[PDB]
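*Asks:* Partial complex follows, first chain(s) only, in situ:
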Amino acid sequence: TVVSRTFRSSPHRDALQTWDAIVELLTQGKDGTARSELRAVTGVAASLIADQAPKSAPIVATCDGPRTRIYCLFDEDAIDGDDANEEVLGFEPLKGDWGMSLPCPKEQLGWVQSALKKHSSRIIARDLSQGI
């Protein structure tokens, strides 16, 4: 099972507000190590959102359960919101042996993958021209 969501980002939300909304979607109010790790990579994740990395390549969460693909909308699409889908997820999106794959322009992968590795082994980045 795979489900998708689409969040309104800049200029409706700034890049950090966008990540915070994604963290809430994926952690659902649970104060645990998963939420702590997602919050720990905020600088990197917001940087990638500000570069519109998730416009055409999703943030992908994997778990003991359905996969979640998260896209972001920018510019007029974010202002309009017609393509947005921010519904609550009908499952625990980071259950069990979870992971997250962040899209990243290939030229930034060097610094991004190192920056992520400081905080997590479950949150990784990929070249946004490829899937997981």
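*Replies:* Alright, I've got the coordinates. Numbers count the residues shown, from 1 in each chain, chains lettered A, B, ... in the order given.
*Asks:* so which strand or helix has residue A:111?
*Replies:* Using DSSP states H and E, residue A:111 sits within helix A:109-117.
*Asks:* Surely residue A:5 is in a helix?
*Replies:* No: per DSSP: H, G, I helix; E, B strand; the rest coil, residue A:5 lies outside any helix segment and is strand.
*Asks:* which residues touch it?
*Replies:* A:25, A:68-71, A:85-87, A:89 (CB atoms under 8 Å, 6 or more residues apart in numbering). C-beta here means a position set from N, CA and C on the backbone, and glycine is covered the same way.
*Asks:* how close does it get to residue A:26?
*Replies:* To residue A:26, residue A:5 is 10 Å away according to CB to CB, to the nearest Å.
*Asks:* Overlap of the contact sets of these two?
*Replies:* A:68, A:89.
*Asks:* Which residue lies nearest the spatial centre of chain A?
*Replies:* residue A:59 (4.1 Å; CA atoms, centre = their mean).
*Asks:* who does the spatially closest residue to that residue that is not a sequence neighbour bridge with?
*Replies:* What sits nearest to residue A:59 in space, not counting adjacent residues and going by CB to CB, 6 or more residues apart in numbering, is residue A:70, at 4.2 Å. Beta-bridge partners for residue A:70, by DSSP bridges, are residue A:5, residue A:59.
*Asks:* Pretty sure residue A:119 sits in a strand.
*Replies:* No: counting by three-state DSSP, one finds residue A:119 to be coil, located in no strand.
*Asks:* extra chain here, label it chain B:
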Amino acid sequence: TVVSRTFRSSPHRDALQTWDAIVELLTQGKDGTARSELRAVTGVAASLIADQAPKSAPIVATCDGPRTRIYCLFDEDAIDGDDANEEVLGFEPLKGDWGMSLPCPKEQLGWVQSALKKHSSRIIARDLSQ
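*Replies:* One more chain to add, chain B, which I have set with the ones above:
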């Protein structure tokens, strides 16, 4: 008293390696709030370096002592290193009630300032155009 340093960044160093080299310069390997707070903002600082924010507007450190301005070189300048200056500083660059001002593109100031605020009240971002 103001002193300046200029570091070779991408492609000689990636943006994170560049921040780490700056942290080494300003902390001189010593532990404390300074090294800890500088390392805590690595994701934001590296993002700014990757966007060449310190090319024309310096990273500025203040302390009980001289102010340090740090510029970054990119692309051809970083490859040849002609204008580089990475010499150890002759003073404790983050002694006492230290602070750091990071240059930031105006379009990203909103998220960057919120991201830094999570980690530190001593490290702030400014609009690099000003």
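*Asks:* The helix holding residue A:111 vs helix B:42-50, what angle?
*Replies:* Relative orientation of helix A:109-117 versus helix B:42-50 (axes from the mean of the first three to the mean of the last three CA atoms, to 10 degrees): 170 degrees.
*Asks:* Can you give me the buried ones in helix A:109-117?
*Replies:* A:110-116 (16 or more other CB atoms under 10 Å in any protein chain shown).
*Asks:* so which of the residues you listed are also by chain B?
*Replies:* A:110-111, A:114-115 (CB under 8 Å from any CB of the partner chain).
*Asks:* Got the phi and psi for the residue nearest to residue A:52 when sequence neighbours are not counted?
*Replies:* Distances taken as CB to CB, 6 or more residues apart in numbering or on different chains put residue A:74 closest to residue A:52, at 5.4 Å, once the chain neighbours are dropped. When read as degrees, to the nearest 10, the backbone of residue A:74 gives phi -130, psi 160.
*Asks:* again, but for residue A:31
*Replies:* Main-chain torsions, residue A:31, degrees, to the nearest 10: phi -90, psi 90.
*Asks:* Tell me the spacing between it and chain B.
*Replies:* 16 Å (CB to the nearest CB, to the nearest Å).
*Asks:* now residue A:34
*Replies:* 18 Å.
*Asks:* Please tell me I have it right and that residue contacts residue A:92.
*Replies:* No: between residue A:34 and residue A:92 there is no contact under CB atoms under 8 Å: 9.8 Å.
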